[PDB]
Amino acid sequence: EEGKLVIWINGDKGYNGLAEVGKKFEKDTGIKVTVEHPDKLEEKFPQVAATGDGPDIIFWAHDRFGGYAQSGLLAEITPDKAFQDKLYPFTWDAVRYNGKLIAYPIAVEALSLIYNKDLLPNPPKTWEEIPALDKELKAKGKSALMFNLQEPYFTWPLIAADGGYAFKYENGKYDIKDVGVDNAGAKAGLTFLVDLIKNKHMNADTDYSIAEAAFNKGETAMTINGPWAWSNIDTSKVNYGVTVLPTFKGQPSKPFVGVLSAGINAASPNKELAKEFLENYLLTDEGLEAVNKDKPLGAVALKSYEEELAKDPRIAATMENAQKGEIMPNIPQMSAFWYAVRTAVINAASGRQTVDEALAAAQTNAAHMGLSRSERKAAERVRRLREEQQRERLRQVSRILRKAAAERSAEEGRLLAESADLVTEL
């Protein structure tokens, strides 16, 4: 729809703060800005944009955008050299796919260890001391650590610690065959998590809501989350600190670093308006500040604003974890990778499969990626659309046939002519 910007951003982000930026944009242009946070938007967009529908701007971590770009769902972004200098070169790299920029980087996201200072004035430096720490806190009706076990994003830093990896980058290229979800290190990490559940230090059904409510109500001492969660803890009675993730087997947790990015829809008739909004309103000190005050973005891509946020120990902790982790690849295979790990973690945690069986299944799934789940139903969506045409065509032939020939139009008479065999049966 023309003369209008529709924006999709995840529900855990500051969509209200982003909406305020849109109203300032609307104040200056008269162009309404609608900000929405539909669930599973990173799955909807590749489907709805396949038929030229969806939002003008989509917000997500950069790791999904290579799939969109490969599918040709993204418009060209054209920041000049001057604008690119405003942002970190490595954040541009995160949104660079096959030498081509496919999205605007907004903020750098990395998981951190969040802890209750009143419950735990000095948080554990290692994963290893958490079991004994939980037993101690159970005696006081508390628990040590609760975090989202339904999303592999939260468990991957432990998995990758002793040698787990997704895609390696050598000779200026990813080896998409070389996936390391089933090795010694991945097994050691996932086994430890599973053992935590077997020894009743955690529960496999723990998701985002449960862990959040538990920590913010002072029921658990620690949690693992991103900057976006800080706002909800502020409103609670918990005195919390943000610190480096615990090490595993002497080695640091390696969280997948995500760069929140804003892509422009290829079907959007407002590509210039979207550029103006992103470059001159959002990606400014004032624009990012508005979003950040709602839900913390973390380490923003804009250098000028990040220089002020950098003094925040929470941000410093976020970057400390980011530096010990790897940037997420943006290649299309990332979607299939995450699906394999999610299934493996959930199946192993719930006890349905063992660690080795679950990770073997993940590795085999990694050997069998093609095409992406998103690619499959979007392609199906096209086929369902063309199917609609055949029925609609069938509807008009029978409709025209009910009309008197002397009252039929030129088109109706012409369309009826090239369906002689169908008309005769009708």
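When you see a residue number, it is the position in the sequence shown, counting from 1.
**Study point:** Greater mean Cα temperature factor according to the PDB record, 74 to 82 or 220 to 228
**Key:** Of 74 to 82 and 220 to 228, the stretch with the higher C-alpha B-factor average is 74 to 82.
Point to revise | Selected stretch [higher average CA B-factor]: 35 to 43 or 391 to 399 | key: Between 35 to 43 and 391 to 399, it is 391 to 399.
Check your understanding: Out of 198, 295, 140, 314, which residue has the highest Cα temperature factor in the PDB record?
Key -> In this record, 140 carries the highest C-alpha B-factor of the candidates.
Point to revise | Options 353, 150, 261, 247 - largest CA temperature factor per the record | key: Of 353, 150, 261, 247, 353 has the highest C-alpha B-factor.
Check your understanding: Comparing residue 369 with the other modelled residues of its chain, is its CA B-factor in the lowest, middle or highest third?
Key -> CA B-factor rank for residue 369: highest third.
Exercise for review: Using the B-factors in the PDB entry, rank residue 239's C-alpha atom against the chain and give the third, lowest, middle or highest.
Suggested key: Highest third, going by the recorded CA B-factors of the chain.
Point to revise | residue 116 - Cα temperature factor, lowest/middle/highest third of chain | key: Ranked within chain, residue 116 CA B lands in the middle tercile.
Review point. Residue 169: which third of its chain by C-alpha temperature factor?
Key: Its C-alpha B-factor, which the entry lists for residue 169, ranks in the highest third among residues of this chain.
**Study point:** Ranked C-alpha temperature factor of residue 18 among modelled chain residues, by third
**Key:** Middle third, going by the recorded CA B-factors of the chain.
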